[PDB]
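Each remark here refers to the structure printed beneath this line.
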Amino acid sequence: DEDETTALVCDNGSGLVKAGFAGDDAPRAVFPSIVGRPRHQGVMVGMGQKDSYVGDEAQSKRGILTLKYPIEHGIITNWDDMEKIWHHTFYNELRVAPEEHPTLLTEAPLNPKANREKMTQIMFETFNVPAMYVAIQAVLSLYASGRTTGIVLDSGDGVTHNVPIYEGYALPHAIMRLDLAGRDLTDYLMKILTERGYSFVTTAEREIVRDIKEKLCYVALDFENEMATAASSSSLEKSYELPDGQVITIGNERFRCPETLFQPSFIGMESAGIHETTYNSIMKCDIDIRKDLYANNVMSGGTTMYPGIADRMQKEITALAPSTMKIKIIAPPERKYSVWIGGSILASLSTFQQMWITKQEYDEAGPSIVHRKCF
Amino acid sequence: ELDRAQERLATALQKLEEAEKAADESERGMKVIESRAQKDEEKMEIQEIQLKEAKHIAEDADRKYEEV
Amino acid sequence: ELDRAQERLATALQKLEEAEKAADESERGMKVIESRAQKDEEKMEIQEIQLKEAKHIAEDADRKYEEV
Amino acid sequence: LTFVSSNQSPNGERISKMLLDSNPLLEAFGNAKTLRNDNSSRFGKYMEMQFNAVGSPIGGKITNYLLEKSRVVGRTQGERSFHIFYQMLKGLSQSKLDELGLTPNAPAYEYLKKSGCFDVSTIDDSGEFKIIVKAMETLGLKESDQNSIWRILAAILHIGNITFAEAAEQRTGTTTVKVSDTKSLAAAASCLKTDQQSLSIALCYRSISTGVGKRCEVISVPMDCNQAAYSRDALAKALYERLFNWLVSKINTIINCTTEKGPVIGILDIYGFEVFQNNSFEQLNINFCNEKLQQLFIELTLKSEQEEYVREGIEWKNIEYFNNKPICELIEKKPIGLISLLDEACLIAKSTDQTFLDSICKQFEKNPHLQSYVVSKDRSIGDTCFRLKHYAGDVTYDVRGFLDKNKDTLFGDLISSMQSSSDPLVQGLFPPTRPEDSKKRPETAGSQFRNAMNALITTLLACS
Ligand SMILES: Nc1ncnc2c1ncn2[C@@H]1O[C@H](COP(=O)(O)OP(=O)(O)O)[C@@H](O)[C@H]1O
Ligand SMILES: [Ca+2]
């Protein structure tokens, strides 16, 4: 546009595909990372079904679709279907050719080595990308919120990651990975829903569970005191008319499921709560470096949007943590797009040149170019 | 009479849509504020304890100073 | 068809009153909560000011103690 | 040009008088008193003279680059902003000042308080106002039109006088923004005639949704103080840039000739060379403009003209000419560069100006034309300053400002709520969407400045 040339920003997860044009502050066309076929055989003739039904077109009509998700936190059940997800991204919504503008993707911390080389194969050899990089999830948001000294816990629907990044990344481990977010809460509901004459059976309607979840479901401050309150039918049940037509008086259902977050013992996992793992990462660093970590805590992700998420942390942390200085948690009121706001940062930096992979660089160091320069 | 009823029905549904829309925005406004009120209430109670603790520790420090 | 039109007019006119009624009650509930929310917000701030003072006084007493 | 051109037309010798009477006119707009030089204008203007089919002027348009838009609210002690403002406050009657919403009390305001100076013995205030009116009336701005314009300016003054206080919303030491001096922020919404509260719900708090359709404003984020004062400035400063452009352009609408068309010729005019015993951020950007002016000649009187040697068919042999000094150009364009690393440090929100300095030394201190107190042992350089070479000398800059002085970018999340109103003043601040300058609206500063400087170059490598 008579400014520069070849530039773009993108970001994908287990919820939405955040992307936009060149030099933007906020996304432009986010869409669900879904994709399925036809369990209904799509009037076979009222088109040769194909196109699994990805994008707004897919999210619109769920019934015909057997929504089979490709990338469940880390593991990619299949790469063949990924081919026609990015074919919908750059060409339909972004309206730009990938054989021109760079690309800034996100990296699920500690992702299988074999996956990186596989992805690069899809871009460089097929979609011809002469410049691109895959930054590491959390570290991005750090520079956006305006923090240089804090501990980041960025996670939404993908995977939980405790990234103590306030003066260095890639160093002692002090990081954790937990497959317990988003889809885990989306699949657990139908189970407990059975006791209330409800059952979102198939995957298509399972996706709706998440929709209603993010508009009412809240977290209990103390399950004990709210157990006796159950008698008082006022703060619990609330009339929610299902778009089709079937009221669901969610009440105790709201604060029962989220309890699993702090208590992973409800789904057969010894994984400690997100406030225990926090200790595990802090106890590794030096002794004279905790007082500043407690001062500011970066809690990001769409998972940190439900009522009663930050106040609970300040109750459990103080217990098994030093009690002398003040403790404050920085949870950006809109901390979901924290990664994208940070993506816009690195997207406009020139120092970033010493990170991405140039067309020729791949052929000069084989497929291992990724893990030979990056880390 | 049918034509007259149809005319009244057309404007009736229009007013109905407007009424429901106003109620939908009103119930939402009351909802979000109610949630904020609860968040403020919890923040008020937790600080109410800190305030007392901050006062007692001050009085204790004074008594401690009187002894020495 | 007239019977159907009249029937729809009845349920529409009634639902219209209910929708308007709910809009008023929802706004009514919004107002009473909004007022309390503002009162709490104000009260909370006044305590925070006292909270700081209480701490500074407590610390001052400690520093004054160390001297003696 | 004239005489050699043509004559006859009685409307030709008359317009030859108004353009000569434009000297006192141009001596008010562009010119502004500095600490040292009195007639030290400060702007990047490129005036275009249009002509007719016989060879005489008909009109023209005006173009300006990125404005030193901080001049209105912030400046060095002793200096002053544009004259047109101060000459208005002391030229009108208290009766009219009340209509504007002004009170007889300079310290009461903020923008004027930050300076700490109003009445000056040298310049006469009441005597200039009547002269300004003549200038406006002589051109084509009757009192009826003047009043219509003052409402727009007076509106900005209301939205200007609001440096919000500490908002005890947080818990520990940090804080957000909230109004304590309400009547001031109320004045901002007074001219707008909208819910005073609702106004601050969309501004101080950043709302974003988007996806599928396009955006839904209501849920938002109480930003920190740095980003708070940032939007405060970005807002109060952008409105003036749009105003000036629309001010000079809408004036031409009356002056411009409709009787006939013709070609176009451009003319350049810019600030002057000033050097204090001290320096600051503003000195860097001004000197940067000169770096282009020097490069301009090099690209023209040294390069373009040199190509004319072989075009005229002359036995020419390449003679050694001093390098194209690309050490000061390549060092600030392609990846790994000054302005390239400048945007790198600025976007690291937490990183202050002090830290930015260290980001330069490590990347360079080897490429010619850059030194410091660490490498170059020279006591003249402070511990919080740095050395930079230009043409033939040395200049040591300060670090004060930079941050809020540079970025200044303004997003469309603060404009949408305002341009949705219904008033020739409110929406008037935002002319009929995109005055031939948009393409893509939301871009983090850095690039935005490049446009003002790139649009300048692109139109130089294609003309005589
Ligand atoms: N305000 C909100 N309240 C509750 N859930 C939200 C909110 N905003 C976004 N979400 C949810 O957060 C998820 C996306 O979070 P994100 O951190 O981007 O996930 P991922 O990185 O795993 O793709 C989606 O399930 C979305 O519905
Ligand atoms: Ca992810």
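Following Swiss-Prot, chain A residues are numbered 3-377, in order.
This entry, so its header tells us, was determined using electron microscopy, 7.7 Å.
Backbone N, Cα and C define each Cβ position, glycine as well.
The feature N-acetylaspartate is assigned by Swiss-Prot to A:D3, with experimental evidence given as support. Neighbour count (other Cβ atoms within 10 Å of the Cβ, all protein chains): 12 for A:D3 (N-acetylaspartate). DSSP assigns A:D3 (N-acetylaspartate) to coil in the three-state reduction, outside any helix or strand.
Here Swiss-Prot flags A:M46 (among others) as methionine (R)-sulfoxide, drawing on similarity to another entry. In sequence order, no residues are near A:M46 (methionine (R)-sulfoxide), counting only same-chain partners six or more apart with C-beta under 8 A. DSSP assigns A:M46 (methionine (R)-sulfoxide) to coil in the three-state reduction, outside any helix or strand.
Counting every protein chain shown, the Cβ of A:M49 (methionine (R)-sulfoxide) has 9 other Cβ atoms within 10 Å. Annotation source Swiss-Prot lists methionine (R)-sulfoxide at A:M49 (among others).
DSSP gives A:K63 (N6-malonyllysine) a coil state; it is part of no helix or strand. The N6-malonyllysine feature in Swiss-Prot is assigned to A:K63; the stated evidence is similarity to another entry.
In the three-state DSSP assignment, the secondary structure recorded for A:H75 (tele-methylhistidine) is coil. In sequence order, A:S16, A:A110, A:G160, A:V161, A:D181, A:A183, A:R185 make up the list of same-chain residues 6 or more apart from A:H75 (tele-methylhistidine) whose Cβ falls under 8 Å from its Cβ. The feature tele-methylhistidine is assigned by Swiss-Prot to A:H75.
For A:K86 (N6-methyllysine), the count of additional Cβ atoms within 10 Å of its Cβ stands at 13 [all protein chains shown]. The feature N6-methyllysine is assigned by Swiss-Prot to A:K86.
Taken from Swiss-Prot, the feature region 'Interaction with alpha-actinin' applies to A:112-125 (among others). Counting residue by residue with DSSP, the region 'Interaction with alpha-actinin' (A:112-125) contains 11 helix, 0 strand, 3 coil.
Look at Swiss-Prot and you will find A:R179 tagged as ADP-ribosylarginine, backed by a curator's inference. Secondary structure from DSSP puts A:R179 (ADP-ribosylarginine) in a beta strand. Counting every protein chain shown, the Cβ of A:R179 (ADP-ribosylarginine) has 17 other Cβ atoms within 10 Å.
Only residues 6 or more beyond the boundaries of the region 'Interaction with alpha-actinin' (A:360-372), in the same chain, are considered here, and those with a CB under 8 A from a CB of the stretch are 118-119, 122-123, 126, 130-133. Sequence annotations record features per position, and here Swiss-Prot assigns region 'Interaction with alpha-actinin' to A:360-372 (among others) based on experimental evidence.
According to DSSP, A:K86 (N6-methyllysine) sits within a helical segment. Of the recorded residues, A:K86 (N6-methyllysine) and A:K63 (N6-malonyllysine) place their C-alpha atoms 18 Å from one another. Sorting the region 'Interaction with alpha-actinin' (A:360-372) by DSSP state (H, G, I as helix; E, B as strand; all else coil) yields 11 helix, 1 strand, 1 coil. For the pair A:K63 (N6-malonyllysine) and A:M49 (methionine (R)-sulfoxide), the Cα-Cα distance reads 15 Å. For A:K63 (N6-malonyllysine), the number of other Cβ atoms no farther than 10 Å from its own Cβ, over all displayed protein chains, is 10. Residues from the set of modified residues A:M49, A:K86, A:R179 situated with their C-beta under 8 Å of a chain D C-beta: none. Taking only the Cα positions, the spacing between A:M49 (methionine (R)-sulfoxide) and A:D3 (N-acetylaspartate) is 39 angstrom.
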